[PDB]
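Novice: Sequence below, structure please.
(chains A, B, C, D, E, F and G, ligands or ions: 2)
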Amino acid sequence: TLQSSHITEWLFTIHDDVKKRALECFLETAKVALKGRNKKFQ
Amino acid sequence: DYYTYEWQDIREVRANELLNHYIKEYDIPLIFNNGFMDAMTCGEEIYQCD
Amino acid sequence: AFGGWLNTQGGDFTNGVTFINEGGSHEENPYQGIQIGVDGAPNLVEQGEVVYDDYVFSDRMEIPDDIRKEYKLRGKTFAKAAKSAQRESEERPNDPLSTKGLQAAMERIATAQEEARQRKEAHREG
Amino acid sequence: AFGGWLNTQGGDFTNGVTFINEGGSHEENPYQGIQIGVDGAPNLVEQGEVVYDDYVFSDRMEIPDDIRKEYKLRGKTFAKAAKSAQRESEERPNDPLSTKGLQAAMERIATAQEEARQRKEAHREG
Amino acid sequence: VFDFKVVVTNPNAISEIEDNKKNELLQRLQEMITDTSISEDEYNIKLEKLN
Amino acid sequence: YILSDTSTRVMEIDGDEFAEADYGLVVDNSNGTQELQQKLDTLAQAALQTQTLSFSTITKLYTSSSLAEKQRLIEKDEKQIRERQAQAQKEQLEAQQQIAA
Amino acid sequence: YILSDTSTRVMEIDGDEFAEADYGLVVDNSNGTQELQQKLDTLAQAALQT
Ligand SMILES: [Mg+2]
Ligand SMILES: [Mg+2]
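Specialist: Residues are numbered from 1 along each chain as shown, chains lettered A, B, ... in the order given. Ligands and ions are numbered 1, 2, ... in the order given. The protein structure is shown below:
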């Protein structure tokens, strides 16, 4: 069953990079939202 | 503490600090993973470093 | 309120300058000014002047043609010349190049206003 | 009791104003008014006056027109101006904007009531 | 598994331009505490928050 | 930002044009360097107990990613403590001797 | 009756009318917080003894 979790692991390896690259893009969006006079960030 | 270091050691720390960063930044293990699929399909596995 | 700000997407994004208006002049104001802070504790600005980085650009003064050729200012007034050097940076407040471009351009109007103030101070006592 | 209270959905929600009705004038009540509390320790209030943050707006006074043009009042007395500056927040007592709006609106009619009193006390001694 | 942590890629690599920025922020954090602390009561406490 | 103070000044000592495999440094994913990495952290865990390596040093070992930096930290922290124990033996020896004096 | 004394007075402080998620509080049933709960509950027993 582990050797059947290898046949579909290429679909999770691209997907765990879209999870990395979206969270980097979400991080810079929040850094501009810091300098936008929001009292939630405090 | 860099008096007990060596010249081949300081060159080796600088080489790893370059390589440990950019492997994690670009997600290089996925770039090598797409290259294996061309290895089994063409018999070729090529990369350019620019 | 649009004065030196870009209020888009629910945020308040400024480029640094403070368009000090809606008060009136020093003579038409009951409190003699807008009184933005306490440092001189009566820091009084009027309806036309613009303030960047704790420095004031006056609206009453004018731009000499000697000081218009060098430093290459655009407006008739030192306050009106700082409202044209921030016209790029008003639409893009978070750029790395606009904030370096503003601070380099706000320094030219800073030294030009300090130089034009000493010339009228010297001509008054002479 | 409908005076500045929103009795809806089983709860008694108020904006902070205290409509003090049903009692009568100070000379008409045997206890000299509808006493609010013990602090002057006999704090007496009558049928026309309203209370916000322990400052009472007198219904017996009158609104001068110069005190109406500045501070932009709407009622004919000071209580009827405070019974009209709260018409929004009595129906939406939990709103962040109304309780900011009511806080600023009551600070106007408070200071407008003081300047009417200091004009009244200066006139009578002279 | 889902742990997506911002990590330093080379955590033992501190340089001059990183150090001159940290000293600038602690100069700003020192600047704030002289204004907020009523003197001699909470000034030792905020210092224990930034020692 | 990704390099240190000493690592950025390597660019000045000459010849960095030449490949790293000319200066004795190779990229190696092989069973030799994973065995050397698994030895060098087991040795550090055996040095964490018996009070030979501090808790300051071992967290630097876990965040090093190079087998020669984490080797030099085992060497540096052993020389510091064995200097401290040798002077603690010396000061306890002269203290009883000045008591004897 | 169902709230404490300091919980009753949070209503007295400015702007409680804003969603708790602005103030840093979210409702969460995930494996990160069940891990935190036994990590704090066996730390209590490890501090109960000794
Ligand atoms: Mg660094
Ligand atoms: Mg209870």
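
Novice: Helix or strand for residue A:12, just tell me which one.
Specialist: For residue A:12, the host element (DSSP states H and E) is helix A:10-34.

Novice: is that helix anywhere near chain B?
Specialist: Yes. In terms of CB under 8 Å from any CB of the partner chain, part of helix A:10-34 sits within range of chain B, namely A:10, A:13-14, A:17, A:20-21. Any C-beta I mention is one placed from the backbone N, CA and C, and that applies to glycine too.

Novice: Including neighbour count, could those residues go into CSV?
Specialist: Rendered in CSV, the data for the residues of helix A:10-34 next to chain B read as follows (neighbours: other CB atoms under 10 Å in any protein chain shown):
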residue, neighbour count
A:10, 14
A:13, 13
A:14, 12
A:17, 16
A:20, 15
A:21, 10
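
Novice: show me where chain E has helices.
Specialist: Taking DSSP state H to define them, one finds helices in chain E at E:16-36, E:43-50.

Novice: Return the backbone torsion pair for the most centrally placed residue in chain F.
Specialist: In chain F, the residue lying closest to the centroid (CA atoms, centre = their mean) is residue F:73, at 1.4 Å. Dihedral angles phi and psi of residue F:73 (degrees, to the nearest 10) take the values phi -80, psi -30.

Novice: Test my guess that it contacts residue F:59.
Specialist: No. At 10.4 Å, residue F:73 and residue F:59 do not qualify as touching, with contact defined as CB atoms under 8 Å.

Novice: what touches both of those two?
Specialist: Residues touching both residue F:73 and residue F:59 by CB atoms under 8 Å, 6 or more residues apart in numbering or on different chains: none at all.

Novice: hmm, back to that, with chain C as the reference, name the closest of the helices of chain E.
Specialist: Set against chain C and scored by CB to the nearest CB, the helices of chain E come closest in helix E:16-36, at 13.0 Å.

Novice: Contacts made by that closest one with the rest, please.
Specialist: Residues outside helix E:16-36 that contact it (CB under 8 Å, 6+ apart) are E:42-43, E:46-47, E:50, F:1, F:5.

Novice: follow-up on the earlier one: next one: the residue nearest to the centre of chain F from residue F:57, what distance?
Specialist: Look at residue F:73 and residue F:57: by CB to CB, to the nearest Å, they are 6 Å apart.

Novice: Next, show the common contact partners of those two.
Specialist: The contact sets of residue F:73 and residue F:57 do not overlap (CB under 8 Å, 6+ apart).

Novice: where does chain F come near chain B, residue by residue?
Specialist: With CB under 8 Å from any CB as the criterion, chain F meets chain B at residues F:2-4, F:6-7, F:10, F:13, F:20, F:23-25, F:27, F:65-66, F:68-69, F:72, F:75-76, F:79.

Novice: Now do the contacts for residue B:18.
Specialist: Under the criterion of CB under 8 Å, 6+ apart, the contact partners of residue B:18 comprise F:2-3.

Novice: element containing it?
Specialist: Residue B:18 belongs to helix B:7-26, assigned by DSSP H and E.

Novice: now do residue C:115
Specialist: Per DSSP H and E, residue C:115 falls inside helix C:96-125.

Novice: cool, and residue F:42?
Specialist: Using DSSP H and E, residue F:42 falls in helix F:31-48.

Novice: right, is the helix or strand just after that helix up against chain E?
Specialist: Toward the C-terminal end, the helix or strand that comes next after helix F:31-48 (DSSP H and E) is helix F:55-62. Yes. With CB under 8 Å from any CB as the criterion, chain E is reached by helix F:55-62 at residue F:60.

Novice: Helix F:55-62 versus helix F:31-48: what angle between them?
Specialist: With axes from the mean of the first three to the mean of the last three CA atoms, to 10 degrees as the basis, helix F:55-62 and helix F:31-48 are set at 170 degrees to each other.

Novice: got the contact list for helix F:55-62?
Specialist: Contacts of helix F:55-62 from elsewhere in the structure, counted by CB under 8 Å, 6+ apart, are E:12, F:40-41, F:44-45, F:48, F:70, F:73-74, F:76-77.
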